[PDB]
*Asks:* 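Dumping the structure here so I can ask a few things about it.
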Amino acid sequence: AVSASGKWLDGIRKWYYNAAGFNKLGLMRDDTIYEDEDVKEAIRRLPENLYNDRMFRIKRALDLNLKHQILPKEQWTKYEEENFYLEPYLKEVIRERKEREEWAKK
Amino acid sequence: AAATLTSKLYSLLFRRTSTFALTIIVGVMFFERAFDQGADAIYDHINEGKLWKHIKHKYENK
Amino acid sequence: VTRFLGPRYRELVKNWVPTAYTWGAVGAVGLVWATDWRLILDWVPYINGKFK
Amino acid sequence: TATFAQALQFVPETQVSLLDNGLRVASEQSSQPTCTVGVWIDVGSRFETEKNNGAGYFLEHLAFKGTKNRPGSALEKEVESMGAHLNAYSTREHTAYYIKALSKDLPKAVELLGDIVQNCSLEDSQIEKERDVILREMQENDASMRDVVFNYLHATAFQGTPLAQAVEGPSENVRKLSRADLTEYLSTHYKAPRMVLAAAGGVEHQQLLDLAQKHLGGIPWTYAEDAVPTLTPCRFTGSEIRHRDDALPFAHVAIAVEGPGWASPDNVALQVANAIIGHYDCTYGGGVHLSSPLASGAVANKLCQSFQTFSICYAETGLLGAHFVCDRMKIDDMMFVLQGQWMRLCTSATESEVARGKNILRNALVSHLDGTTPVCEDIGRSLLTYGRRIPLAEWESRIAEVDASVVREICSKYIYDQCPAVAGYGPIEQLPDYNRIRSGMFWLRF
Amino acid sequence: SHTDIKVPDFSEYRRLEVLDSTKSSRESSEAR
Amino acid sequence: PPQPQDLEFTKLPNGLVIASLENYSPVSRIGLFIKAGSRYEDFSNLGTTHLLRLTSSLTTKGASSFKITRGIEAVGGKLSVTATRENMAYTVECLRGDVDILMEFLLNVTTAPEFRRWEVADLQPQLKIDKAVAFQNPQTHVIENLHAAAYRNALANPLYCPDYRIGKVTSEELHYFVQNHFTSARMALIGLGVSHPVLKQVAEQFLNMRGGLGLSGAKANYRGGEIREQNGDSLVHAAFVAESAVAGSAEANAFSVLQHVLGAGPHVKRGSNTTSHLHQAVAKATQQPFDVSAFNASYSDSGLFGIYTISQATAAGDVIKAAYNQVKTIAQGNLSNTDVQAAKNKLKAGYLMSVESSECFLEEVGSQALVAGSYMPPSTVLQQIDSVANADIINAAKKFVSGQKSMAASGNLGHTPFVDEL
Ligand SMILES: CCCCCCCCCCCCCCCCC[C@@H](O)O[C@H](CO[C@H](O)CCCCCCCCCCCCCCC)COP(=O)(O)OCC[N+](C)(C)C
């Protein structure tokens with residue numbers, strides 16, 4: 001595979017990640033996704049610990065935005081430590097919807 | 001008691017509401033024409049010889 | 001949109017086509033009647049008399 | 001190895017044979033070591049008047065209480081020493097006495113059966129005992145809610161007709177009957193050619209015909225004074241009956257429209273439509289947004305507890321509708337969905353639903369016939385209904401003719417813009433008035 | 001005991017075509 | 001038509017028993033029988049089986065829940081899960097041409113179940129609905145108490161989940177039970193419309209699943225306790241059971257004849273069972289509505305023979321005394337020959353009439369295959385049932401009288417006796 005292009009792709013993605021300010025508030029990537037019915041069901045399937053963590057980090061972000069403050073540098077989220085915890089659940093829900101729609105047309 | 005006539009009207013033009021609406025529209029179009037013509041004729045009869053329409057002939061092109 | 005395709009959605013349109021034609025006809029006649037549109041009305045056997 | 005329509009051709013056929021008096025004898029032979037022999041009679045509450053409304057039910061209670069040859073407990077002692085099972089049932093249009101036993105005892109069974117339909121002793125003391133028994137059983141039926149609402153539906157849909165009254169009859173009527181009305185009812189009705197003998201299982205038609213002649217050949221076929229009980233058509237009435245009792249747990253509505261007689265082709269197509277709507281219950285597995293449309297919506301707001309679609313057929317007329325239970329607060333919503341489904345069938349019917357309905361119908365026909373007793377019942381009911389026994393191959397052929405367009409036309413013929421009959425027994429304060437119910441039988445968009 | 005219930009006569013309100021308890025109503029429904 | 005076919009048996013090296021028959025009916029039927037039951041649970045996990053049989057429609061690794069229901073529904077077939085303390089039976093029905101489709105689901109549901117935890121949690125409240133419907137009939141509550149009153153460990157386990165466990169069943173317990181009890185050697189497969197050779201290769205797929213033997217249970221010990229309930233109902237129920245023989249034994253046949261001598265089952269409708277000894281003994285004891293008959297439950301480990309009596313609260317004591325006194329007279333040696341023949345005829349007619357239906361026939365074949373794996377034709381049943389002698393029945397009656405008794409009684413109980421005074 002392409003090495004220089006892949007490294008350039010990784011570099012620009014990391015640059016874009018730092019440009020987005022949600023890491024400044026301790027938010028993970030999966031917290032910012034718009035909450036449509038599919039996301040609502042996906043959240044309903046989360047285990048209690050991840051659900052509890054998600055709610056608290058959202059509260060902290062809202063609280064910080066309240067006073068126009070920013071979390072300290074050392075506590076910013078890092079590009080390599082992020083875990084896409086919500087990806088498997090959302091994918092399964094979307095696939096189920098596609099199967100239902102495919103059946104419904106015939 | 002034209003029960004057959006009412007039966008035919010229902011089976012063809014009232015069972016579906018789309019046809020029901022269409023008959024209503026044509027009926028009102030015809031009804032207004034007939035109603036207007038008949039009513040005006042009655043009015044003219046009751047007031048014969050007084051309306052300008054009845055005396056204009058004595059001055060128009062005259 | 002892609003979900004709207006399929007053998008049955010075509011069938012549903014076919015069933016409702018007669019109703020769509022009738023409703024469209026109802027609207028067209030209603031518009032002509034309401035507006036007293038002489039252009040179309042002049043070709044009506046009896047209604048044309050209204051026009052003088 | 002065998003296709004569906006190919007397996008249909010391996011089903012044995014029924015052999016019919018008349019006796020001199022006009023009795024019809026039918027039989028379907030097999031290799032099973034058991035058989036079911038019964039007599040079906042075209043007598044029901046439809047042939048009764050106010051003075052003898054409960055006669056048919058009352059006689060059923062005295063059918064096996066003793067006879068001239070076997071008085072008292074002699075009849076049941078013989079039946080039980082044989083290991084057989086003696087059963088009976090009644091209806092508004094039919095009556096039946098049938099015995100399940102071993103083929104090795106075919107002779108005796110017929111003898112007893114003949115004895116029960118010709119020599120029914122009517123001792124008076126027994127009549128008094130049955131009076132109280134029927135009085136108590138009527139009280140039990142009151143507890144059952146479904147029976148109550150189905151009798152109400154008949155009472156309102158056949159107002160002023162012999163089909164309106166129930167099989168059991170009024171309580172006041174059962175306490176004044178005598179041994180003279182019962183004998184008149186028995187003599188006037190139970191006789192050939194109305195009777196139909198049937199025997200399915202490991203029985204040979206030849207043996208079934210000699211035995212019948214020996215015992216059943218003596219039944220008269222001539223009416224006294226030529227007082228023939230002629231049948232008459234029945235009128236259908238679009239009306240509602242509301243019996244309100246808020247102490248009861250759930251509302252118990254029942255609706256139905258007029259439907260064909262048993263002997264019209266259209267009924268087959270109607271059955272397919274009833275398969276599309278389907279039935280629902282609270283114990284069924286899955287189905288939440290996963291089953292038929294009425295049941296999928298049945299669990300989105302938890303509307304119904306259980307709904308079923310019925311199609312009751314009588315001669316020249318019948319009832320077609322849907323019975324459902326529901327909570328006090330969700331009566332109107334359930335009715336709204338049901339009426340929408342009917343109208344959708346009348347206007348927008350896809351072939352995919354039809355194919356599912358046809359498959360369900362095939363399964364019900366084949367699976368229902370499993371067992372000897374259901375087979376014997378079908379023979380008797382068909383011989384008194386059509387005059388023949390439609391074979392499975394014919395049923396499949398007629399079903400295959402069904403198409404989405406066919407269903408649309410037939411449903412429009414019987415469902416669209418027709419006045420319904422409604423019966424409700426429970427907390428029914430939310431039940432919509434007749435005018436609203438009647439306005440929901442058509443579509444302003446169509 | 002519920003079998004003792006029966007609808008009272010409506011003959012004074014019924015329409016002419018449905019006044020007989022033997023003639024079928026299907027032959028006049030479309031007309032009415 | 002062709003000649004009457006016979007059923008073919010075979011035992012794969014795994015230990016699975018495969019049986020097939022080739023009739024010519026247009027509807028095909030397939031069944032999976034598993035030695036798993038409510039008796040294999042311990043105190044740590046309880047109500048697992050009651051929830052497990054409700055999961056038949058849940059998603060699998062090879063098929064989605066949506067697919068299973070829609071596919072079965074469109075074909076017009078059915079799938080049911082019969083359950084009992086000893087066994088669990090999956091069954092499916094469809095047409096001849098659709099077998100290959102439905103088997104794919106059936107195999108999947110029992111080979112690769114994927115107990116999604118959120119699906120399990122959403123299914124939990126259904127347990128209450130099912131339990132309530134069953135208890136609507138008081139007979140269910142009396143027996144489940146009766147088993148809990150006569151057995152200490154194994155068969156005392158209820159068929160329904162206890163109330164406190166309704167919200168606390170987990171998917172891990174479901175998984176653990178499946179691995180340890182869905183072993184191939186414990187299973188049997190039965191087919192009616194399908195051909196035997198194709199059955200071999202469809203079943204070849206799961207030969208890479210399960211295997212060996214599973215987790216054995218414990219021999220059910222007998223206690224002899226009582227469990228009264230004291231509910232507000234006017235009609236009191238009861239039960240009077242004692243240790244019996246083991247399922248599939250010569251002594252077990254004598255007990256079967258014994259109960260039918262005592263008018264176990266009604267035959268004629270709307271008619272008094274004059275031939276029944278118990279109804280005669282009770283008729284001259286009470287003049288108000290009553291119901292009585294004998295009870296017989298044979299299991300692999302042990303059996304239980306007894307009596308059940310519905311009666312008025314005031315007359316409960318008299319009814320029970322009359323029934324118990326009647327059994328003593330039989331045990332004393334007062335037994336006529338005619339009753340033996342009449343009871344035997346009832347048995348044979350019941351057996352053949354019950355197996356007559358295809359569904360029951362498939363159930364009887366599966367039950368026999370699991371324990372033995374060798375079908376025993378009805379004629380052999382008749383020879384076994386005709387070998388019973390009078391002395392055998394007298395010995396059976398004497399054993400019941402001398403044995404310790406367990407009693408479960410729901411009702412008002414104002415006048416119902418206790419054990420040690422009956
Ligand atoms: C703008 C100012 C207006 C002022 C109006 C003042 C009115 C004062 C007087 C009030 C009179 C009240 C009664 C008027 C209607 C009486 C009849 C009505 O109540 O019945 C309903 C009326 O319902 C409608 O008829 C339903 C069909 C809709 C017909 C719409 C016709 C529209 C015509 C005009 C269209 C104009 C288009 C213009 C385009 C530019 C239901 O009839 P129903 O018998 O139970 O329907 C059965 C349907 N079947 C036949 C198919 C079985």
Side-chain angles (χ1 to χ4, degrees), chain B residues 2-36 39, chain C residues 15-44 46-47 50-51, chain D residues 236-240 255-259 320-321 332 335-336 338-349 408-422 431-446, chain E residues 13 15 17-18 25-32:
Chain B
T4 50
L5 173 82
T6 60
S7 182
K8 297 301 182 65
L9 298 164
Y10 173 70
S11 61
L12 311 169
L13 296 167
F14 297 167
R15 215 208 61 252
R16 312 211 290 94
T17 183
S18 312
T19 68
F20 192 58
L22 197 53
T23 65
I24 289 164
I25 292 296
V26 290
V28 56
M29 174 193 305
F30 286 158
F31 172 88
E32 66 182 0
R33 177 91 182 73
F35 184 86
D36 272 314
Chain C
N15 310 344
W16 288 108
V17 160
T19 311
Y21 282 156
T22 307
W23 280 122
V26 160
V29 186
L31 161 62
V32 163
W33 163 65
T35 318
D36 272 6
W37 197 354
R38 290 198 72 271
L39 183 72
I40 296 86
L41 275 190
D42 66 17
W43 297 138
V44 182
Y46 177 36
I47 301 304
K50 79 197 291 291
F51 300 133
Chain D
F236 177 91
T237 317
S239 43
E240 76 187 0
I255 185 167
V257 69
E258 164 84 340
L320 182 84
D332 77 348
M335 182 93 60
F336 174 88
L338 166 75
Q339 296 201 303
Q341 291 309 291
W342 276 343
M343 294 296 105
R344 205 182 54 61
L345 282 188
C346 289
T347 60
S348 294
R408 274 182 259 131
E409 297 294 329
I410 290 177
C411 279
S412 199
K413 189 169 150 199
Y414 296 94
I415 300 308
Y416 198 77
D417 207 2
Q418 301 295 118
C419 293
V422 189
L431 188 71
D433 50 296
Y434 195 92
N435 284 295
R436 297 290 279 293
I437 287 169
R438 179 63 182 66
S439 292
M441 303 296 295
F442 67 89
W443 276 352
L444 296 161
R445 72 184 77 138
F446 192 40
Chain E
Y13 304 102
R15 302 188 196 248
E17 307 88 309
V18 296
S25 280
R26 189 168 276 156
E27 302 71 29
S28 53
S29 82
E30 73 295 356
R32 295 181 283 104

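Whatever order the structure lists ligands and atoms in, that order sets their numbers, starting from 1. Any value given below was found using the heavy atoms of this structure, including those in side chains, with hydrogens, waters and symmetry copies removed. By convention in this document, chain letters (A, B, ...) are assigned in the order of the sequence lines, proteins followed by strands, and residues within each chain are numbered from 1.
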*Asks:* Taking side chain to side chain contact (heavy atoms under 4.5 Å, CB included) as the definition, give me every residue that meets it alongside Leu5(B), ordered by chain and number, with sequence neighbours left out.
*Replies:* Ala2(B), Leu9(B)
*Asks:* Given 3.5 Å as the limit, does a donor-acceptor pair link the side chain of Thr19(B) with the main chain of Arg15(B), or not?
*Replies:*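 Between the backbone of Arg15(B) and the side chain of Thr19(B) there is no qualifying donor-acceptor contact (under 3.5 Å).
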*Asks:* State whether the side chain of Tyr434(D) and the backbone N or O of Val422(D) hold a donor-acceptor pair below 3.5 Å, judged by distance alone.
*Replies:* no
*Asks:* Heavy-atom count check: over 12 atoms from other residues, nucleotides or ligands less than 6.0 Å from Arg436(D) CZ?
*Replies:* no
*Asks:* Using heavy atoms and a cut-off under 4.0 Å, could you grab the residues that are in contact with ligand 1, chain by chain, numbers ascending?
*Replies:* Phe14(B), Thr17(B), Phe20(B), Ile25(B), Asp417(D), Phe442(D), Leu444(D)
*Asks:* Against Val26(C), only a single residue in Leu22(B), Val26(B), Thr23(B) fulfils side chain to side chain contact (heavy atoms under 4.5 Å, CB included); can you say which?
*Replies:* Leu22(B)
*Asks:* If only atom types and distance count, is the side chain of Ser7(B) paired as donor or acceptor with the main-chain N or O of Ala3(B) below 3.5 Å?
*Replies:*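 Absent.
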